[PDB]
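Residue numbers (the entry's author numbering): -4 to 65, 69 to 233.
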């Protein structure tokens, strides 16, 4: 029950708990790897629960560096901001999410993902290419703590592309107390030709907890993530 049928369409796709599939194929400095993830999203609470498995053995980069790569349609948009929810409005046909992630004093990830429904399942299919990493650096050397700092991300409309853009900084904690900066540049465009909601500037607030499955012998990450939109006030 929103007065905007365009909003009603997206809210209906995401009521209740929605199953999620993630499939990633990566290549970082010639180390090829794959990751499969499964879980559930509950967009009413901006809540995601996912378990990822490296299906090619040991992950050649640290799990925290892949959190942002590995479904913003599950973000909680407050009622007064639902007319700005691009991610759900592009569903079910979906959207393309592209990033370049610059690791300060190290290499970069380039990622391309298609996020869309396959039946009732929300699917995130990703290709990742990483180049120019130091083989003894914080990434290829696995020197980052297994956690994730909370942060806020500014979202802007990209009118020319009928989508959105976002640039933001992730600070990964290094095992010695320092931080490893990951500068994200992001763009999202609809897969379909139909209309989407293009947003006013706002931000997404995110918190993530990383854990392990004590019964799991494959290299894996359990992820609990909350994402909530904010920065537009209800006067």
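The C-beta atom is built at its ideal place from N, Cα and C for all residues, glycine as well.
In terms of CA proximity to residue 178, 141 leads the group 8, 141, 223 and 205.
Close CB contacts of residue 75 within its chain, under the 6 Å cut and outside five residues either way in sequence, are with 83 and 227 (chain order).
DSSP, read as helix, strand or coil, puts residue 219 in strand.
Residue 193 sits in coil when the DSSP states are folded into three classes, being neither helix nor strand. By the neighbour-count criterion, in which a residue is buried when 16 or more other Cβ atoms sit within 10 angstroms of its Cβ, residue 108 is exposed. One thing to note: residue 43 has its Cβ within 7 Å of the Cβ of residue 223.
Under the three-state reduction of DSSP output, residue 79 falls in the helix class. Contact between residue 161 and residue 122 is absent: CB atoms are separated by about 17 Å, not below the 8 Å threshold. Judged by their CB atoms, residue 106 and residue 100 are nearer to each other than the 7 Å cut-off. Within its own chain, the residues whose Cβ lies closer than 8 Å to the Cβ of residue 216, once the five positions on either side in sequence are excluded, are 48, 49 and 50, listed in chain order. A straight line joining the alpha-carbon of residue 154 with that of residue 41 spans about 20 Å. As DSSP reads the structure, residue 114 sits in a beta bridge with 121.
Taking every protein chain shown into account, the CB of residue 184 has 16 or more other CB atoms within 10 angstroms, so this residue is buried. In the three-state reduction of the DSSP assignment, residue 207 falls in the strand class, which pools E and B.
By the neighbour-count criterion, in which 16 or more other beta carbons inside 10 Å mark a residue as buried, residue 14 falls on the exposed side. Between the alpha carbons of residue 156 and residue 37 lies a distance of about 27 Å.
Beta-bridge pairing by DSSP links residue 34 to 15 and 45. Rounded to the nearest angstrom, the Cβ distance from residue 213 to residue 152 is 40 Å, too far for a contact under 8 Å.
For residue 84, the uninterrupted alpha helix (DSSP H) run begins and ends at 84 to 87, by DSSP. In the three-state reduction of the DSSP assignment, residue 61 falls in the helix class, which pools H, G and I.
By DSSP's assignment, residue 188 forms a beta bridge with 93. Pairwise C-beta distances place the stretch 190 to 197 out of contact with the stretch 163 to 170, as fewer than three of them are shorter than 8 Å. Following the DSSP letters along the chain, one finds residue 5 inside the alpha helix (DSSP H) bounded by residues 0 to 8.
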